[PDB]
Amino acid sequence: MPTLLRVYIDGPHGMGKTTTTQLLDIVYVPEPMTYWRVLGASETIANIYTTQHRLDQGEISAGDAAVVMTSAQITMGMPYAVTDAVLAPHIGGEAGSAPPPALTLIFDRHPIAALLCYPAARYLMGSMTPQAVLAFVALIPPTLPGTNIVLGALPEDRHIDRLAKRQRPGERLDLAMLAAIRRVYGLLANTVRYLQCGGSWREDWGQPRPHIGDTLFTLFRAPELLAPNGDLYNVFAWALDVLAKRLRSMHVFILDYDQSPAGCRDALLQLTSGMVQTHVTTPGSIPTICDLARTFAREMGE
Amino acid sequence: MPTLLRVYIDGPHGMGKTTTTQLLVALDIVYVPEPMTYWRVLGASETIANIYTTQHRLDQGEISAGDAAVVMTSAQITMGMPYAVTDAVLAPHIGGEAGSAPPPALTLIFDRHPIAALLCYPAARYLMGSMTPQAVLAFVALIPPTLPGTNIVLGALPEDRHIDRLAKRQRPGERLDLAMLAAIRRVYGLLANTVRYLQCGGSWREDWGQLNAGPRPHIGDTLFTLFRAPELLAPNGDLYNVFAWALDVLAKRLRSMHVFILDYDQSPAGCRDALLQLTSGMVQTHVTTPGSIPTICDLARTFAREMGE
Ligand SMILES: O=c1[nH]c(=O)n([C@H]2C[C@H](O)[C@@H](CO)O2)cc1I
Ligand SMILES: O=c1[nH]c(=O)n([C@H]2C[C@H](O)[C@@H](CO)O2)cc1I
């Protein structure tokens, strides 16, 4: 059966991901901007940044910001969620990780962006409950074989300069969200290594590979998740087992962004060499995926 | 290898599902209750009270539509988490179908399936104007893959009788909304139809233009009929592909479910035995490890101990 290579370009916003991956047998599943702005709701991006502003300015409550914020995170990852679901059937097993794949699918972000990272970063900003965050983790789709996630690398001061340009419609420069999101993505990369090096959160919770204190597990030592004796409630501990399961099988690659669009584009091409591809499940899988990838781009990509 | 029998008793509230599920277990078998404690303390505060009050404010014209959807969506997310984590934690243990075939080593009886929190209630609330169709479709797209041996028992009770029942059985925060009762009832009716329409070979894409245990129902008698919303329609007249792809997920999730109907218009003991009768002809599954049994047993017993009642 033909082989496919899936590549999910992810990381904090304002790094140059999209603006260097478009540059990059090869299909590009762009950002669902039309779905965020119109199809699922109107100006979701604007709504997100405005609520954090009213929150920050004391015009609304933590609880107000939280319901508005949770609701919107559902809108943000909808296209990512259906795409996975419709795609999942065609993904076969690892391809003796071989000749060039029949198709390379470049995604502008992975389902965990809206299901884990942004929700985690907003909890870190005081606008989302760790319980809501864990609800989204619990809803992360199973990790199919060949899930290659490229995360971005760029110094802060430089990310601020880019961010100053990658201003989405409705977006407001919030260096705190920029720091909350950078940290979240940082912990994300540490979590994968932790899990892949054989770390057990249950065994390390009472506080070579990263320290549990440097993985995403640190965020869930939140007072809301703990019983009167400091015990993590089981529902939550089960949501953490699922986070461990989902993340350990992912393949993570770092693309340094502190270089030229060419260089970034050039680097992404090199990383390609160690990504895990897979076989499709049917003869028509490739053609169907392509049309899927083109139909998504036309409709929701702006 | 040891087999397992999972049964989710679902359907509208105010019918007697929880009582009979209990009874059934009072006759091994383990009970996975409604995460009441999660809905009112662990996940958030008084979520059921929050749900019924928001619709109310909506109805009173005190809150706008958008205000309510924002609250409903969030509330519905809290309502389903225990169901969703339990399902994701169970999954690695579920093996292939066995059948019924002799008695199972373990029988799990669930109070509602994940699709209640991720589909039925949201669809009923959309229908009540308290949530958006895109949001419902967003939940649908997130319904977990249907494990084999998914036996769903949906309840039936005459409308008048259901109404009088509701007029008693007090849930904290729940305020008697009969419009919501009918909505939830119709949603569950469409659900049953949908599973079947799907099993009789129905194709929503082939039948879109038209908008066993019985003949194939009409697409307009299935859940697909709710998604004929102008919000989800492209200027050309058809659904945008995002929503169309979500409906493909719905058909895929409900196609492998084994739905059964239980009559609630009888005594609690009757419902128990009527249910204990449906059970026999229900699909079983092996577990993936022998120790899946003890594992599964404790998860259920732990869930109940921490979230039930
Ligand atoms: O789940 C998400 N939540 C969120 O708030 N965003 C913001 C980041 C950026 O400003 C713009 C483009 O990424 O959208 C993105 C995602 I995916
Ligand atoms: O997703 C859900 N949404 C909802 O509104 N409910 C209501 C029904 C009943 O009032 C009470 C107990 O079931 O909670 C239940 C679920 I599961």
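Residues numbered from 1 in each chain as written, not as in the entry; some residues may be left out. Chains lettered and ligands numbered in written order. Heavy atoms only, no water. Residues with missing side-chain atoms left out of burial classes, pairs and counts.

Looking at the entry header, you'll see X-ray crystallography listed as the method and 2.20 Å as the resolution.

Let us now look at the interface of chain B and chain A. Tallying the contact residues gives 37 residues for chain B and 38 residues for chain A. Considering only the surface of chain B that becomes buried against chain A, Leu-142, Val-242 and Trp-245 of chain B emerge as the three largest contributors, covering 20% of it. One can count 0 salt bridges joining chain B with chain A. Inspection of the chain B/chain A interface yields 7 residue pairs in polar contact. Counting residues per element, the ones that place at least two in the side of chain B that touches chain A are α2 (36-42), α4 (65-90), α6 (133-140), α10 (241-254) and α12 (292-307) of chain B. Here the side of chain B that touches chain A takes 11 residues from α4 of chain B, the largest share from any one element. (Contact = heavy atoms within 4.5 Å. Buried area = accessible area lost by both parts, 1.4 Å probe. Salt bridge = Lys/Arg side-chain N within 4 Å of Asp/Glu carboxyl O. Polar contact = N/O pair within 3.5 Å; in protein donor to acceptor, adjacent residues only side chain to side chain. Helix = DSSP H or I, 4+ residues; strand = E, 2+ residues; numbered from the N terminus.)

What follows covers the UniProt feature "binding site: substrate" in chain B. Residues and elements named next belong to chain B. Within this numbering scheme, the UniProt entry marks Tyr-52, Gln-76 and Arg-171 as carrying the feature "binding site: substrate". Residue placement: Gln-76 occurs in helix α4. Residue classification places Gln-76 among the buried positions, given a relative accessible area of 5%. Apart from residues lying up to four places away in sequence, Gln-76 is in contact with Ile-51, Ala-117, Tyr-121, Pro-122, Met-131 and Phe-139. Its location among the elements puts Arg-171 in the loop between α7 (159-166) and α8 (178-199). Contacts of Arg-171, omitting those with residues within four sequence positions, involve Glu-34, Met-36, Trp-39 and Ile-48. A distance of 2.6 Å separates a polar atom in the side chain of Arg-171 from a polar atom in the side chain of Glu-34. (UniProt positions renumbered as here; feature names shortened; annotations may be inferred. Buried < 20%, exposed > 50% of the residue type's maximum accessible area, 1.4 Å probe, protein only.)

What follows covers the site of ligand 1. Residue and element names in this part refer to chain A. Surrounding ligand 1, one finds 14 residues, the nearest of these being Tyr-49, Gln-73, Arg-109, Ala-114 and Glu-171. For ligand 1, the accessible surface in isolation is 400 Å², of which the surrounding protein chains cover 100%. Elements that contribute at least two residues to the shell around ligand 1 include exactly α3 (44-56), α4 (62-87) and α5 (112-123). Taken together, the residues of the shell around ligand 1 sort by class into 8 nonpolar, 2 polar and 4 charged. (Near = heavy atom within 4 Å. Areas by Shrake-Rupley, 256 points an atom, 1.4 Å probe, with all protein chains shown as cover. Nonpolar A, V, L, I, M, F, W, Y, C, P; charged D, E, K, R; others polar.)

A few words now on the pairing of strand β1 (residues 3-10) of chain A. Residue and element names in this part refer to chain A. β1 sits mainly inside the fold: 8 of its 8 residues count as buried. Residues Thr-3, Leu-5, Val-7 and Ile-9 of β1 are buried on one face, and the alternating residues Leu-4, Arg-6, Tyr-8 and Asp-10, pointing to the opposite face, are buried as well. Two strands pair when backbone bridges link them, and β1 and strand β7 (residues 278-280) are joined in this way by 2 bridges, in the antiparallel orientation. The partner of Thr-3 across the bridge, within β7, is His-279. Bridging between β1 and strand β4 (residues 103-108) involves 6 bridges; their strand directions are parallel. Following the sheet pairing, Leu-4 is matched in β4 by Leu-103. As paired elements, β1 and strand β5 (residues 147-153) share 5 bridges and run parallel to each other. Within the sheet, the bridge partner assigned to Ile-9 lies in β5 and is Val-150. (Pairing = 2+ DSSP bridges.)

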